[PDB]
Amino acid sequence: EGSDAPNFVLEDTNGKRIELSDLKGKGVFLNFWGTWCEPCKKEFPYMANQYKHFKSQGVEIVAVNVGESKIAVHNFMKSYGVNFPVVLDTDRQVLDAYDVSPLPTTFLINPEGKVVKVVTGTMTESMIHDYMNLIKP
């Protein structure tokens, strides 16, 4: 069932604009994070490993960075082996549209574009696997 996921358009660290509604038809694992955030750091390698399994099953990750710069985010991506889309919520407009407080917070969006599950806090690799299975087409 779910609720409609608020649409947004944000850049990646190359300046490419990504619009959430353009990912309809795929599951979207929408993860809010910051470079300073320890529970975020812990789960990033798990996300990358699971993405290897689920990209070919029609799950996309969109990891929304809260407020930091292209260079800070680039450096983090390289350090953590990020192999999936990362966008920059430069002014917290997307954070606020999702009503996110602590980091990380994750929204599991089905192929219809509806939020079916919300997860606050760090996620184990087993949990991430389950979450991606939930939203795959």
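For every residue, the number given is its place in the sequence shown, counted from 1.
A.B. asks: As stated in the PDB record, which stretch has the larger average Cα B-factor, 37-45 or 70-78?
C.D. replies: The entry gives the higher C-alpha B-factor average to 37-45.
A.B. asks: Pick between 54-62 and 28-36: the one whose mean CA B-factor in the entry is higher.
C.D. replies: Per the PDB entry, the higher value belongs to 54-62.
A.B. asks: Check where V118 lands among this chain's C-alpha B-factors and tell me if it's the lowest, middle or highest third.
C.D. replies: Lowest third - that is where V118 ends up once the chain's C-alpha B-factors are sorted.
A.B. asks: Is the Cα B-factor recorded for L20 in the lowest, middle or highest third of its chain?
C.D. replies: According to the entry, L20 has a C-alpha B-factor in the chain's lowest third.
A.B. asks: Divide the modelled residues of the chain into thirds by Cα B-factor and specify which third, lowest, middle or highest, holds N83.
C.D. replies: For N83, the deposited C-alpha B-factor lands in the highest third.
A.B. asks: Quick check for you: using the entry's CA B-factors within this chain, is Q93 in the lowest, middle or highest third?
C.D. replies: Top third by C-alpha B-factor.
A.B. asks: Compare the C-alpha B factor of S101 with those of the other modelled residues in its chain, then answer lowest, middle or highest third.
C.D. replies: It belongs to the highest third of the chain when residues are ordered by C-alpha B-factor.
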